[PDB]
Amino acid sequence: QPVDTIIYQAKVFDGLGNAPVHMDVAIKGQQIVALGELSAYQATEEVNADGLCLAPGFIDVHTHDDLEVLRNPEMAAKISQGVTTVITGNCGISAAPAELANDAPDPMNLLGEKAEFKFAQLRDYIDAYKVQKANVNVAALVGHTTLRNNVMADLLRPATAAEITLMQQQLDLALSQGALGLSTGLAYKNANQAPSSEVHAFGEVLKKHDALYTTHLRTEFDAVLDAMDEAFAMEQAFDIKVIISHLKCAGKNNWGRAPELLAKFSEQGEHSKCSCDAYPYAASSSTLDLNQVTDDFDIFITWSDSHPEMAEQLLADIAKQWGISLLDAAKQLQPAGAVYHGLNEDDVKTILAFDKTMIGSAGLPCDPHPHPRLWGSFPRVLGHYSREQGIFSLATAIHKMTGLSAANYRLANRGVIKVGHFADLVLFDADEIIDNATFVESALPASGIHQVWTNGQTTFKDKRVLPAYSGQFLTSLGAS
């Protein structure tokens, strides 16, 4: 008869892109149990949401939070944005299944330090998550580069057919233990010599488990359209779900080409199910890479192990202080992290507006001065691009971080405000929600989020991140 909580009089967005409905929402246990006008229900707690909006909890489909959720189960960077679920294991790197010999090969340092990789099997990682759980749900992909490192000591080559056989078996076991699918990061030096046929060797395993394929493209610069062909070939050959990560046309050469990327989806063939995600910024962030050094746009160093006095400075200013070229300064700064202001804002708007595009933060949790997407992506979409810029409605914006993402990743009973679905929810003020993180002050929490529930338990309330630790590990459904 009774319920734990009723949220009264909010503008409720279902997560499916439909117009909001003014109504009340009842939570009991982990579940949404009633929707409508509910003053006839007995609730332990009552939340007055008059003038506020209620949406499904946001799903961050592009994270490198594999080890961050173990180090930092409160997950304030995500929870303070309204994110209740993270997809881990992106761009070819995952915490599991991974056995390291001497070091963690690049880019696995984006996840954590080599000693943190303690999960020879995915089941080991799930056990570790279940020790404390976390404020976010976790669903995990397996990284192709991580699989390569398990069986190859020299990564600067194709894997042998025998090494491919081992990787197929390791993925098959990870999928059976609960992984969602496989990710690749083919632009990175330690995967770039994998030919398309090496990636294709995983297709039968993925198809057998009805699993996902996600990809950081082999290049996102001049030849990005060719790189997209590679991703479509997985869909064509195996009829599996493919997601292109952080879609962009990078480089001054390619500013204005976003329509070409949208039109490229017409080349998929018989199946038309490829999706993509993007973060809402015109600046990327990664290790300082000599191939990306240019004078075409600002490049900011975020950290440098060689010259920590140069952290948070513009590469052009560093070069001038040092009396050498941008490229020579970059060589001396390595290893380092950078933010590259190399995207065009109109391209970003077009990619965000594309109806296939989900919102993903691509936040780098080990960065000591992170790109502000780590703390602002989702309220930036709702407050900057929807309310202020008007490029889409609030219903559309919410859909692209909730119901669209749960559907594309097959997240059962999430992403939608519907009776019987999990009570992952965000209460916010539609007129005040906004990102506050800037490139200079990159960890400022967003405004406008009043309360967050993860599986029916409050993980954020009135600026407090709360250790409910009610997240669950979301094991894959496998085949029929």
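Start at 1 and count along the sequence shown; that's the residue number.
Higher average CA B factor: 287 to 295, of the stretches 287 to 295 and 179 to 187. The deposited model assigns a higher average Cα B-factor to 330 to 338 than to the other stretch when 330 to 338 and 354 to 362 are compared. Out of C53, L425, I449, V419, the entry records its largest CA B-factor for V419. Taking the PDB entry at face value, the top CA B factor among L314, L261, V136, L147 belongs to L314. Ranked by Cα temperature factor within the chain, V47 sits in the highest third according to the deposited record. Remark: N413 belongs to the middle third of its chain, ranked by C-alpha B-factor as recorded. Ranked by Cα temperature factor within the chain, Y281 sits in the lowest third according to the deposited record. In the PDB entry, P445 places in the middle third of its chain by CA B-factor.
Among the modelled residues of its chain, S39 has a C-alpha B-factor that falls in the highest third according to the deposited record.
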